[PDB]
Amino acid sequence: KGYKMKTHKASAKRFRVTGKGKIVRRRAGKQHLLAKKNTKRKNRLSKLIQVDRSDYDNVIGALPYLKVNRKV
Amino acid sequence: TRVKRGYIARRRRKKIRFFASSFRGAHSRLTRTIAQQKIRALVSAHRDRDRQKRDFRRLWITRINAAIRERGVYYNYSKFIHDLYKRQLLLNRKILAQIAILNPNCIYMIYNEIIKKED
Amino acid sequence: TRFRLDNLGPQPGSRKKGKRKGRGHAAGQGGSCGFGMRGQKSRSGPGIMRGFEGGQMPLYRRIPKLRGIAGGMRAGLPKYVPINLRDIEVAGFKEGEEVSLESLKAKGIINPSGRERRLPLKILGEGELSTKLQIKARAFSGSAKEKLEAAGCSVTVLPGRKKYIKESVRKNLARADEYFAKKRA
Amino acid sequence: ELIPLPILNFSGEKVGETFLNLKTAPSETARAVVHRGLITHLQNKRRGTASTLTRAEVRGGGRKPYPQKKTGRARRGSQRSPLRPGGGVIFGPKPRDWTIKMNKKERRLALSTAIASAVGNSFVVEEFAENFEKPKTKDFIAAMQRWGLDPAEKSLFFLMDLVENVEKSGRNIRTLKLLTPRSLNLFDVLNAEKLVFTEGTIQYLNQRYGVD
RNA sequence: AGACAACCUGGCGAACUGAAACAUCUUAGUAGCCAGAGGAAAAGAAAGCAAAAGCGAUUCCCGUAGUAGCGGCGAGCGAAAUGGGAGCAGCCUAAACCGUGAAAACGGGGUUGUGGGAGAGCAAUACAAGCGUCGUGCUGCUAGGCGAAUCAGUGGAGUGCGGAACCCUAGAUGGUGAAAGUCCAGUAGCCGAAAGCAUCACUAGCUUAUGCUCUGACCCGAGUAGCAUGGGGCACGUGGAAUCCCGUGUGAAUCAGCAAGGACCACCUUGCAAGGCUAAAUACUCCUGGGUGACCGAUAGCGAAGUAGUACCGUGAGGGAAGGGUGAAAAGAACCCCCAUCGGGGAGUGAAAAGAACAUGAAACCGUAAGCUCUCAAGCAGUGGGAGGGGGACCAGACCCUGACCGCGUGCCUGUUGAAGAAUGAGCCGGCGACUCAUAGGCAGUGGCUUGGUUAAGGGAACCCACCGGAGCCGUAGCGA
RNA sequence: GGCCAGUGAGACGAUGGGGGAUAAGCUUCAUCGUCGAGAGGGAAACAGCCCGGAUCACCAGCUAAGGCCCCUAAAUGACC
RNA sequence: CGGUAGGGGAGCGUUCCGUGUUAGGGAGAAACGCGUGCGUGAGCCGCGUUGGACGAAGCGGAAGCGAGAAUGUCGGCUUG
Ligand SMILES: [Mg+2]
Ligand SMILES: [Mg+2]
Ligand SMILES: [Mg+2]
Ligand SMILES: [Mg+2]
Ligand SMILES: [Mg+2]
Ligand SMILES: [Mg+2]
Ligand SMILES: [Mg+2]
Ligand SMILES: [Mg+2]
Ligand SMILES: [Mg+2]
Ligand SMILES: [Mg+2]
Ligand SMILES: [Mg+2]
Ligand SMILES: [Mg+2]
Ligand SMILES: [Mg+2]
Ligand SMILES: [Mg+2]
Ligand SMILES: [Mg+2]
Ligand SMILES: [Mg+2]
Ligand SMILES: [Mg+2]
Ligand SMILES: [Mg+2]
Ligand SMILES: [Mg+2]
Ligand SMILES: [Mg+2]
Ligand SMILES: [Mg+2]
Ligand SMILES: [Mg+2]
Ligand SMILES: [Mg+2]
Ligand SMILES: [Mg+2]
Ligand SMILES: [Mg+2]
Ligand SMILES: [Mg+2]
Ligand SMILES: [Mg+2]
Ligand SMILES: [Mg+2]
Ligand SMILES: [Mg+2]
Ligand SMILES: [Mg+2]
Ligand SMILES: [Mg+2]
Ligand SMILES: [Mg+2]
Ligand SMILES: [Mg+2]
Ligand SMILES: [Mg+2]
Ligand SMILES: [Mg+2]
Ligand SMILES: [Mg+2]
Ligand SMILES: [Mg+2]
Ligand SMILES: [Mg+2]
Ligand SMILES: [Mg+2]
Ligand SMILES: [Mg+2]
Ligand SMILES: [Mg+2]
Ligand SMILES: [Mg+2]
Ligand SMILES: [Mg+2]
Ligand SMILES: [Mg+2]
Ligand SMILES: [Mg+2]
Ligand SMILES: [Mg+2]
Ligand SMILES: [Mg+2]
Ligand SMILES: [Mg+2]
Ligand SMILES: [Mg+2]
Ligand SMILES: [Mg+2]
Ligand SMILES: [Mg+2]
Ligand SMILES: [Mg+2]
Ligand SMILES: [Mg+2]
Ligand SMILES: [Mg+2]
Ligand SMILES: [Mg+2]
Ligand SMILES: [Mg+2]
Ligand SMILES: [Mg+2]
Ligand SMILES: [Mg+2]
Ligand SMILES: [Mg+2]
Ligand SMILES: [Mg+2]
Ligand SMILES: [Mg+2]
Ligand SMILES: [Mg+2]
Ligand SMILES: [Mg+2]
Ligand SMILES: [Mg+2]
Ligand SMILES: [Mg+2]
Ligand SMILES: [Mg+2]
Ligand SMILES: [Mg+2]
Ligand SMILES: [Mg+2]
Ligand SMILES: [Mg+2]
Ligand SMILES: [Mg+2]
Ligand SMILES: [Mg+2]
Ligand SMILES: [Mg+2]
Ligand SMILES: [Mg+2]
Ligand SMILES: [Mg+2]
Ligand SMILES: [Mg+2]
Ligand SMILES: [Mg+2]
Ligand SMILES: [Mg+2]
Ligand SMILES: [Mg+2]
Ligand SMILES: [Mg+2]
Ligand SMILES: [Mg+2]
Ligand SMILES: [Mg+2]
Ligand SMILES: [Mg+2]
Ligand SMILES: [Mg+2]
Ligand SMILES: [Mg+2]
Ligand SMILES: [Mg+2]
Ligand SMILES: [Mg+2]
Ligand SMILES: [Mg+2]
Ligand SMILES: [Mg+2]
Ligand SMILES: [Mg+2]
Ligand SMILES: [Mg+2]
Ligand SMILES: [Mg+2]
Ligand SMILES: [Mg+2]
Ligand SMILES: [Mg+2]
Ligand SMILES: [Mg+2]
Ligand SMILES: [Mg+2]
Ligand SMILES: [Mg+2]
Ligand SMILES: [Mg+2]
Ligand SMILES: [Mg+2]
Ligand SMILES: [Mg+2]
Ligand SMILES: [Mg+2]
Ligand SMILES: [Mg+2]
Ligand SMILES: [Mg+2]
Ligand SMILES: [Mg+2]
Ligand SMILES: [Mg+2]
Ligand SMILES: [Mg+2]
Ligand SMILES: [Mg+2]
Ligand SMILES: [Mg+2]
Ligand SMILES: [Mg+2]
Ligand SMILES: [Mg+2]
Ligand SMILES: [Mg+2]
Ligand SMILES: [Mg+2]
Ligand SMILES: [Mg+2]
Ligand SMILES: [Mg+2]
Ligand SMILES: [Mg+2]
Ligand SMILES: [Mg+2]
Ligand SMILES: [Mg+2]
Ligand SMILES: [Mg+2]
Ligand SMILES: [Mg+2]
Ligand SMILES: [Mg+2]
Ligand SMILES: [Mg+2]
Ligand SMILES: [Mg+2]
Ligand SMILES: [Mg+2]
Ligand SMILES: [Mg+2]
Ligand SMILES: [Mg+2]
Ligand SMILES: [Mg+2]
Ligand SMILES: [Mg+2]
């Protein structure tokens with residue numbers, strides 16, 4: 001009984017991984033106030049986007065058991 | 001495994017102290033001061049090994065100017081040197097200074113060659 | 001060229017000597033140690049949380065939770081051990097041989113762990129099998145059993161464990177079958 | 001095999017020849033594999049017994065300036081600390097375990113490479129076990145000197161059996177190690193000047209570690 | 001009855017802290033305090049898990065797993081079943097009924113769950129198994145004993161050195177004027193207990209015991225379960241909130257029952273609450289006996305190698321130091337001289353005076369002697385040039401010490417847009433004094449296998465370690481809530 | 001792309017401007033240089049101006065910016 | 001081939017362990033003091049009209065492993 005790293009749970013309900021090993025997320029803002037957002041915008045906010053390279057650190061740091069390829 | 005520092009320090013200190021022998025006052029005594037004083041010494045040394053190369057050319061030139069000025073009324077260092085070059089002689093300033101002191105007659109001759117040829 | 005305790009030594013590069021910070025400048029990271037000047041990151045003690053940016057609403061908090069997870073809809077889980085035909089080709093199977101589950105542990109092309117142990121087997125078509133094999137599994141993909149019955153292999157489909165049903169629902173589901181049967185006949 | 005082995009009877013004449021053929025580490029990494037194996041061995045042997053007291057173990061704190069001077073431990077107005085004499089020890093040793101791991105196959109490889117380096121020394125023997133009945137040290141040493149072992153240089157007897165008479169008869173020489181396969185270490189092989197096997201032993205070793 | 005280090009059980013039960021504030025949450029049911037018992041305690045013999053296939057009291061380790069989940073869905077918290085091991089053990093009682101009484105009690109009977117027992121009849125009987133005064137037994141512990149093998153030379157001393165020998169079931173260890181298998185005490189090996197203790201066997205004795213058939217009417221742990229409310233605890237924060245345990249109030253059913261299977265109802269499966277008791281595997285060190293130490297060596301190691309919980313300080317709770325190493329042996333210096341003692345100088349002891357404030361004895365700091373040199377001088381004290389003077393040389397043209405006079409030269413650190421700063425810090429010297437360890441994640445470098453790789457706990461001639469131990473784990477399929 | 005840092009108080013100078021009084025060694029931006037983190041020379045001394053970017057030795061030589069009465073290196077040079 | 005924050009490479013030393021009950025050592029070890037010795041440096045190698053019993057090199061391993069700053073800290077000793 002040592003200590004093993006804990007997965008940061010609030011980060012894992014947000015991000016996940018695709019089979020080839022890139023991280024993805026939802027897009028923000030499709031929840032309420034949709035009437036005044038045009039359909040085109042709503043479609044754009046419906047899809048799954050690969051997380052910006054920049055944040056990869058923070059994310060990766062808080063989800064140590066996520067299997068991830070950064071493509072090396 | 002506990003390790004006392006032992007002599008590793010005192011040797012270093014001692015080998016510094018050897019350096020600082022014959023410094024007046026507490027520069028030859030206390031370790032902490034001695035350190036600094038070592039560094040400064042080493043530093044001046046380095047500096048003045050460069051100054052040295054400047055200062056002897058200072059000197060040499062001065063002595064040469066003195067040595068020549070005796071002959072002509074109108075003769076200089078500047079004139080001299082310019083004349084040494086347009087006559088194609090290689091002698092540098094150390095040699096002309098040491099020959100100015102230690103073999104004066106020689107310099108008189110040299111001057112007589114430069115004069116004869118500029119004539 | 002004989003080994004003794006004294007001629008031994010490591011491989012170049014193997015054990016690289018570690019930075020000891022805080023010793024000397026000329027060495028390495030002396031004084032500050034490579035923490036630069038001051039403020040939080042140079043201070044001793046636990047840092048700030050990994051996912052946290054300055055008090056701006058952190059990235060993970062400003063993004064909405066993933067689809068099913070978000071409410072407590074159970075996560076999707078593998079229910080079979082998928083095998084292609086590739087693997088069964090590469091393996092040493094001579095004709096007539098039974099494949100099943102067990103004989104795939106035998107040759108090792110599947111190493112099951114706990115969750116996987118408790119599972120059944122399913123076959124996925126990929127690659128083109130040349131042999132006649134006797135295959136046993138709880139399930140097949142369409143392309144699978146198509147390619148299999150095309151190559152002349154016998155496909156034994158194993159029964160799954162009966163779902164217990166109370167009698168009333170048997171009466172309903174049977175009443176159905178009686179309807180179909182009286183209608184076609 | 002690229003080299004024979006002498007098989008000697010109890011009197012020291014050469015009866016026969018054998019071959020001991022094993023998995024060797026490929027010639028470049030040999031040294032390092034053995035090395036590693038060794039390091040591992042010694043390092044697991046170690047018992048970290050070194051213990052200190054941290055700043056919180058040390059007897060007799062109270063949190064205050066000291067009221068009066070304890071000669072050598074403090075002065076009148078000072079704060080309690082690690083920086084006194086008789087203060088806690090910052091980053092001292094605590095009892096450890098030093099135990100590291102290594103692959104089984106790697107281990108075995110070190111063993112083989114060592115024993116296969118030892119083929120420039122080693123003899124074989126005709127299994128003397130019976131000739132000793134009452135434990136006799138003097139006798140064992142006699143036998144050694146007939147085989148050409150100086151009871152100086154540290155030699156290793158690897159055999160299958162411990163026959164009590166043999167075992168006790170060798171118990172008191174500091175340079176001998178009588179090994180069963182039960183106890184066989186990389187350490188002792190590396191250490192030993194002369195290697196000595198029985199026939200049954202060669203049959204064992206050449207099987208366990210045999211190259212295919 | 002009191003005492004008792006840690007461990008343990010029960011009762012009360014915080015706060016700083018984390019959440020970059022804080023209030024739910026965290027810290028943590030931790031510390032502390034009270035009470036209690038043991039060498040372990042507690043838990044424990046399914047009103048249990050599970051899922052349509054099965055298990056078979058409790059505890060502990062590995063793993064599942066940082067998975068399912070919980071959460072101002074924030075900080076964080078965090079299971080279980082399957083699977084592998086360690087270790088194994090199951091028993092007493094209430095009620096129906098039959099005896100004795102007016103009772104309340106006592107004696108027999110009776111204890112189980114894919115139901116048992118009471119009731120009513122007919123068969124079997126001898127072995128088996130469990131407990132245990134008394135006692136020579138076995139072993140061990142608490143005193144012990146026997147125990148192999150060497151000499152001379154070498155400058156205080158020989159165990160060292162050179163040179164000869166020998167023992168070894170003994171070459172562990174400590175001592176000895178100096179390092180020893182062979183000098184001493186010992187070690188291997190082998191013998192030994194009147195008395196007490198302990199584990200084991202046996203030990204009269206004490207215990208128990210089967211088998212079938214009929215009978216739903218008799219029993220199967222009541223102010224209980226449940227229900228309504230108020231909480232607590234379960235990984236699970238009231239949530240759809242099961243299971244578990246408590247305040248207030250109501251309040252069942254007996255096997256044709258009752259409970260559990262994560263609201264609830266049906267169906268099936270599993271189990272039998274409201275009475276008890278029980279060994280081992282596990283935790284710990286005020287200690288006892290052995291062992292080892294990439295542990296300390298007098299500022300270290302325990303606070304304590306000497307009066308150490310002392311001196312001293314505090315009304316009191318409490319705080320809490322320092323002082324080790326003459327020599328092998330005191331052989332601790334007779335006698336004379338200075339002489340009131342101390343102290344000294346000879347002599348004598350000693351390998352050495354090492355001379356008692358005595359072993360190596362650095363620096364600061366205090367001096368003494370010899371070489372050069374300063375009293376018209378301005379300077380972070382040096383440095384490049386070197387007048388004059390002095391010293392030990394062998395490459396005598398060199399080295400070393402001094403320093404007439406010229407030039408150059410704004411202490412160190414920290415920290416700053418920037419410092420000689422009149423910015424901080426250091427009296428000086430010597431010691432002590434800081435990126436450490438454990439466990440995981442990622443990356444790199446090296447190896448090992450790639451007939452994919454690897455074992456965890458666990459076992460090991462004590463450790464290490466051969467050889468096991470495939471449970472797990474990583475890689476072989478993705479997409480999708 | 002990977003691994004893994006500091007930095008996130010700047011100063012003046014040239015130039016374009018705003019605020020201010022076309023005040024400030026003021027303040028705030030824009031395009032540059034030096035200092036920061038740069039020693040050497042010129043500037044009496046003199047972070048930010050000019051020259052130039054210091055691997056090291058030499059009792060060698062040529063120059064830049066700048067200078068040639070004496071302190072103090074070089075012309076008490078020439079001609080208007 | 002200037003260099004602060006800072007990153008990377010190559011090394012030296014200290015105590016201990018392996019080799020090792022090692023080589024060497026009352027024909028004087030550690031240490032202490034010295035050098036016209038060798039290193040880019042940390043340092044090494046040599047020497048002792050000190051000292052009185054231990055202990056290298058090589059090839060490896062481990063850390064209570066290098067001090068001038070902490071109004072650090074304990075002793076010693078100054079200044080006034
Ligand atoms: Mg995948
Ligand atoms: Mg919606
Ligand atoms: Mg980063
Ligand atoms: Mg030590
Ligand atoms: Mg230290
Ligand atoms: Mg001088
Ligand atoms: Mg490290
Ligand atoms: Mg480095
Ligand atoms: Mg510093
Ligand atoms: Mg850093
Ligand atoms: Mg700082
Ligand atoms: Mg910073
Ligand atoms: Mg902090
Ligand atoms: Mg945290
Ligand atoms: Mg939502
Ligand atoms: Mg999925
Ligand atoms: Mg797998
Ligand atoms: Mg304390
Ligand atoms: Mg201490
Ligand atoms: Mg009591
Ligand atoms: Mg009491
Ligand atoms: Mg007790
Ligand atoms: Mg709070
Ligand atoms: Mg608070
Ligand atoms: Mg903390
Ligand atoms: Mg807080
Ligand atoms: Mg805070
Ligand atoms: Mg026990
Ligand atoms: Mg109990
Ligand atoms: Mg049972
Ligand atoms: Mg029961
Ligand atoms: Mg289990
Ligand atoms: Mg078992
Ligand atoms: Mg059982
Ligand atoms: Mg009974
Ligand atoms: Mg049933
Ligand atoms: Mg029934
Ligand atoms: Mg009956
Ligand atoms: Mg005896
Ligand atoms: Mg004897
Ligand atoms: Mg002798
Ligand atoms: Mg001898
Ligand atoms: Mg003696
Ligand atoms: Mg001895
Ligand atoms: Mg004995
Ligand atoms: Mg019944
Ligand atoms: Mg109730
Ligand atoms: Mg309700
Ligand atoms: Mg209720
Ligand atoms: Mg609750
Ligand atoms: Mg609840
Ligand atoms: Mg229950
Ligand atoms: Mg359950
Ligand atoms: Mg219930
Ligand atoms: Mg309760
Ligand atoms: Mg009832
Ligand atoms: Mg049940
Ligand atoms: Mg019951
Ligand atoms: Mg209950
Ligand atoms: Mg019960
Ligand atoms: Mg109990
Ligand atoms: Mg002392
Ligand atoms: Mg002490
Ligand atoms: Mg001492
Ligand atoms: Mg006297
Ligand atoms: Mg008197
Ligand atoms: Mg006297
Ligand atoms: Mg005398
Ligand atoms: Mg004498
Ligand atoms: Mg002394
Ligand atoms: Mg005057
Ligand atoms: Mg004068
Ligand atoms: Mg003066
Ligand atoms: Mg001067
Ligand atoms: Mg000046
Ligand atoms: Mg000046
Ligand atoms: Mg300021
Ligand atoms: Mg100052
Ligand atoms: Mg400042
Ligand atoms: Mg300031
Ligand atoms: Mg200080
Ligand atoms: Mg001050
Ligand atoms: Mg340190
Ligand atoms: Mg850190
Ligand atoms: Mg670590
Ligand atoms: Mg790691
Ligand atoms: Mg590899
Ligand atoms: Mg193991
Ligand atoms: Mg064990
Ligand atoms: Mg073990
Ligand atoms: Mg900002
Ligand atoms: Mg700012
Ligand atoms: Mg700052
Ligand atoms: Mg400006
Ligand atoms: Mg401007
Ligand atoms: Mg304009
Ligand atoms: Mg104007
Ligand atoms: Mg303006
Ligand atoms: Mg300004
Ligand atoms: Mg310009
Ligand atoms: Mg700066
Ligand atoms: Mg620059
Ligand atoms: Mg400049
Ligand atoms: Mg200047
Ligand atoms: Mg420039
Ligand atoms: Mg250049
Ligand atoms: Mg010129
Ligand atoms: Mg001039
Ligand atoms: Mg003029
Ligand atoms: Mg350059
Ligand atoms: Mg550089
Ligand atoms: Mg740097
Ligand atoms: Mg060394
Ligand atoms: Mg050493
Ligand atoms: Mg020796
Ligand atoms: Mg010596
Ligand atoms: Mg030593
Ligand atoms: Mg040396
Ligand atoms: Mg060396
Ligand atoms: Mg001695
Ligand atoms: Mg060595
Ligand atoms: Mg040394
Ligand atoms: Mg330390
Ligand atoms: Mg100091
Ligand atoms: Mg002060
Ligand atoms: Mg002091």
# chains A, B, ... in the order shown; residues from 1 in each chain; ligands from 1
$ interface_residues --of "chain A" --to "chain E" --cutoff "7 Å" --atoms "only C-alpha atoms (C1' of nucleotides)" --output "ChimeraX atom specification"
/A:2-7,19,64
$ residues_near_ligand --ligand "ligand 60" --cutoff "10 Å" --atoms "only C-alpha atoms (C1' of nucleotides) and all ligand atoms" --output "PyMOL selection string"
chain E and resi 45-47+221+272-276
$ write_last_selection --atoms "N, CA and C atoms (P, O5', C5', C4', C3', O3' and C1' of nucleotides)" --output "PDB file, in the first residue's frame"
ATOM      1  P     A E  45     -21.763 -14.998  13.799  1.00  0.00           P
ATOM      2  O5'   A E  45     -22.082 -16.522  13.430  1.00  0.00           O
ATOM      3  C5'   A E  45     -22.641 -16.839  12.152  1.00  0.00           C
ATOM      4  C4'   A E  45     -22.183 -18.177  11.613  1.00  0.00           C
ATOM      5  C3'   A E  45     -22.851 -19.421  12.234  1.00  0.00           C
ATOM      6  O3'   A E  45     -23.184 -20.374  11.211  1.00  0.00           O
ATOM      7  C1'   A E  45     -20.499 -19.627  12.311  1.00  0.00           C
ATOM      8  P     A E  46     -24.722 -20.633  10.778  1.00  0.00           P
ATOM      9  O5'   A E  46     -25.305 -19.156  10.552  1.00  0.00           O
ATOM     10  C5'   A E  46     -25.783 -18.714   9.279  1.00  0.00           C
ATOM     11  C4'   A E  46     -25.536 -17.238   9.047  1.00  0.00           C
ATOM     12  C3'   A E  46     -26.718 -16.465   8.464  1.00  0.00           C
ATOM     13  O3'   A E  46     -26.697 -15.095   8.902  1.00  0.00           O
ATOM     14  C1'   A E  46     -24.915 -16.434   6.923  1.00  0.00           C
ATOM     15  P     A E  47     -27.102 -14.659  10.408  1.00  0.00           P
ATOM     16  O5'   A E  47     -28.484 -13.865  10.282  1.00  0.00           O
ATOM     17  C5'   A E  47     -28.785 -13.018   9.178  1.00  0.00           C
ATOM     18  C4'   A E  47     -29.985 -13.556   8.432  1.00  0.00           C
ATOM     19  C3'   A E  47     -30.450 -12.816   7.189  1.00  0.00           C
ATOM     20  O3'   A E  47     -29.609 -13.048   6.063  1.00  0.00           O
ATOM     21  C1'   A E  47     -32.325 -13.475   8.484  1.00  0.00           C
ATOM     22  P     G E 221     -37.786 -17.422  16.533  1.00  0.00           P
ATOM     23  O5'   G E 221     -37.605 -16.388  17.737  1.00  0.00           O
ATOM     24  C5'   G E 221     -38.629 -16.185  18.713  1.00  0.00           C
ATOM     25  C4'   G E 221     -38.104 -15.524  19.974  1.00  0.00           C
ATOM     26  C3'   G E 221     -37.397 -14.182  19.777  1.00  0.00           C
ATOM     27  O3'   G E 221     -37.610 -13.350  20.925  1.00  0.00           O
ATOM     28  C1'   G E 221     -35.874 -15.751  20.701  1.00  0.00           C
ATOM     29  P     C E 272     -29.400 -19.961   7.297  1.00  0.00           P
ATOM     30  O5'   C E 272     -30.521 -19.344   8.258  1.00  0.00           O
ATOM     31  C5'   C E 272     -30.234 -18.249   9.124  1.00  0.00           C
ATOM     32  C4'   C E 272     -31.479 -17.485   9.525  1.00  0.00           C
ATOM     33  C3'   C E 272     -32.220 -17.991  10.766  1.00  0.00           C
ATOM     34  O3'   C E 272     -32.762 -16.873  11.476  1.00  0.00           O
ATOM     35  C1'   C E 272     -33.700 -17.953   8.944  1.00  0.00           C
ATOM     36  P     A E 273     -32.373 -16.594  13.013  1.00  0.00           P
ATOM     37  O5'   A E 273     -32.283 -15.002  13.098  1.00  0.00           O
ATOM     38  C5'   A E 273     -31.042 -14.303  13.022  1.00  0.00           C
ATOM     39  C4'   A E 273     -31.248 -12.823  13.259  1.00  0.00           C
ATOM     40  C3'   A E 273     -31.824 -12.444  14.624  1.00  0.00           C
ATOM     41  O3'   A E 273     -30.814 -12.297  15.626  1.00  0.00           O
ATOM     42  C1'   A E 273     -33.059 -11.368  12.900  1.00  0.00           C
ATOM     43  P     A E 274     -30.915 -13.057  17.051  1.00  0.00           P
ATOM     44  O5'   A E 274     -31.895 -12.141  17.932  1.00  0.00           O
ATOM     45  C5'   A E 274     -31.507 -10.856  18.416  1.00  0.00           C
ATOM     46  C4'   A E 274     -32.692  -9.922  18.560  1.00  0.00           C
ATOM     47  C3'   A E 274     -33.701 -10.272  19.642  1.00  0.00           C
ATOM     48  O3'   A E 274     -33.323  -9.751  20.908  1.00  0.00           O
ATOM     49  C1'   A E 274     -34.836  -9.787  17.613  1.00  0.00           C
ATOM     50  P     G E 275     -33.038 -10.706  22.174  1.00  0.00           P
ATOM     51  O5'   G E 275     -31.570 -11.277  21.906  1.00  0.00           O
ATOM     52  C5'   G E 275     -31.338 -12.663  21.683  1.00  0.00           C
ATOM     53  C4'   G E 275     -30.692 -13.321  22.880  1.00  0.00           C
ATOM     54  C3'   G E 275     -29.170 -13.355  22.895  1.00  0.00           C
ATOM     55  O3'   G E 275     -28.561 -12.133  23.286  1.00  0.00           O
ATOM     56  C1'   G E 275     -29.982 -15.501  23.394  1.00  0.00           C
ATOM     57  P     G E 276     -27.178 -11.670  22.594  1.00  0.00           P
ATOM     58  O5'   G E 276     -26.060 -12.082  23.656  1.00  0.00           O
ATOM     59  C5'   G E 276     -24.942 -12.868  23.274  1.00  0.00           C
ATOM     60  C4'   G E 276     -24.666 -13.976  24.266  1.00  0.00           C
ATOM     61  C3'   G E 276     -23.251 -14.539  24.226  1.00  0.00           C
ATOM     62  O3'   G E 276     -22.329 -13.757  24.979  1.00  0.00           O
ATOM     63  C1'   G E 276     -24.781 -16.324  24.102  1.00  0.00           C
TER      64        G E 276
END
$ residues_around --residues "range 68-79 of chain B" --least-positions-apart "2" --cutoff "12 Å" --atoms "only C-alpha atoms (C1' of nucleotides)" --output "PyMOL selection string"
(chain B and resi 60-66+81-86+93+96-97+99-101+104-112+114-115+118) or (chain F and resi 68+73-77)
$ interface_residues --of "chain G" --to "chain B" --cutoff "9 Å" --atoms "only C-alpha atoms (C1' of nucleotides)" --output "list in words"
residues 13, 14, 15, 16, 62, 63, 64, 65, 66, 67 and 68 of chain G
$ residues_near_ligand --ligand "ligand 39" --cutoff "8 Å" --atoms "only C-alpha atoms (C1' of nucleotides) and all ligand atoms" --output "number ranges by chain"
E: 146-147, 186
$ closest_atom_pairs --of "chain E" --to "ligand 75" --cutoff "9 Å" --atoms "only C-alpha atoms (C1' of nucleotides) and all ligand atoms" --output "CSV"
residue,atom,partner,partner_atom_place_in_ligand_line,distance
E:408,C1',ligand 75,1 (Mg),7.4
E:409,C1',ligand 75,1 (Mg),6.7
E:410,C1',ligand 75,1 (Mg),8.5
$ select_by_dssp --residues "range 116-182 of chain D" --states "helix (DSSP H, G or I)" --output "number ranges by chain"
D: 116-120, 129-131, 137-147, 164-171
$ residues_near_ligand --ligand "ligand 95" --cutoff "8 Å" --atoms "only C-alpha atoms (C1' of nucleotides) and all ligand atoms" --output "ChimeraX atom specification"
/F:13-15
$ residues_near_ligand --ligand "ligand 97" --cutoff "12 Å" --atoms "only C-alpha atoms (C1' of nucleotides) and all ligand atoms" --output "list in words"
residues 21, 22 and 23 of chain F
$ write_last_selection --atoms "C-alpha atoms (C1' of nucleotides)" --output "PDB file, in the first residue's frame"
ATOM      1  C1'   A F  21       2.440  73.912 -19.070  1.00  0.00           C
ATOM      2  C1'   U F  22       4.838  71.141 -27.074  1.00  0.00           C
ATOM      3  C1'   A F  23       7.182  71.436 -17.789  1.00  0.00           C
TER       4        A F  23
END
$ residues_near_ligand --ligand "ligand 8" --cutoff "8 Å" --atoms "only C-alpha atoms (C1' of nucleotides) and all ligand atoms" --output "ChimeraX atom specification"
/C:19,27-29 /G:8-9
$ interface_residues --of "chain F" --to "chain A" --cutoff "12 Å" --atoms "only C-alpha atoms (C1' of nucleotides)" --output "number ranges by chain"
F: 1-4
$ atom_distance --atom1 "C1' of residue 39 in chain G" --atom2 "CA of residue 23 in chain C"
23.3 Å
$ interface_residues --of "chain C" --to "chain G" --cutoff "6 Å" --atoms "only C-alpha atoms (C1' of nucleotides)" --output "ChimeraX atom specification"
/C:5-7,9,36
$ write_last_selection --atoms "N, CA and C atoms" --output "PDB file, in the first residue's frame"
ATOM      1  N   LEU C   5      34.861  -9.846  -9.743  1.00  0.00           N
ATOM      2  CA  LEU C   5      34.137  -8.713  -9.193  1.00  0.00           C
ATOM      3  C   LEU C   5      34.729  -7.385  -9.639  1.00  0.00           C
ATOM      4  N   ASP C   6      35.983  -7.414 -10.072  1.00  0.00           N
ATOM      5  CA  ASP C   6      36.722  -6.193 -10.387  1.00  0.00           C
ATOM      6  C   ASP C   6      36.753  -5.692 -11.839  1.00  0.00           C
ATOM      7  N   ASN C   7      36.381  -6.512 -12.808  1.00  0.00           N
ATOM      8  CA  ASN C   7      36.457  -6.073 -14.199  1.00  0.00           C
ATOM      9  C   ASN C   7      35.096  -5.633 -14.673  1.00  0.00           C
ATOM     10  N   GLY C   9      31.559  -3.437 -14.725  1.00  0.00           N
ATOM     11  CA  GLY C   9      31.298  -2.024 -14.779  1.00  0.00           C
ATOM     12  C   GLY C   9      30.133  -1.855 -15.696  1.00  0.00           C
ATOM     13  N   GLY C  36      14.757  30.408 -10.593  1.00  0.00           N
ATOM     14  CA  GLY C  36      14.709  31.818 -10.912  1.00  0.00           C
ATOM     15  C   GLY C  36      14.508  32.644  -9.657  1.00  0.00           C
TER      16      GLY C  36
END
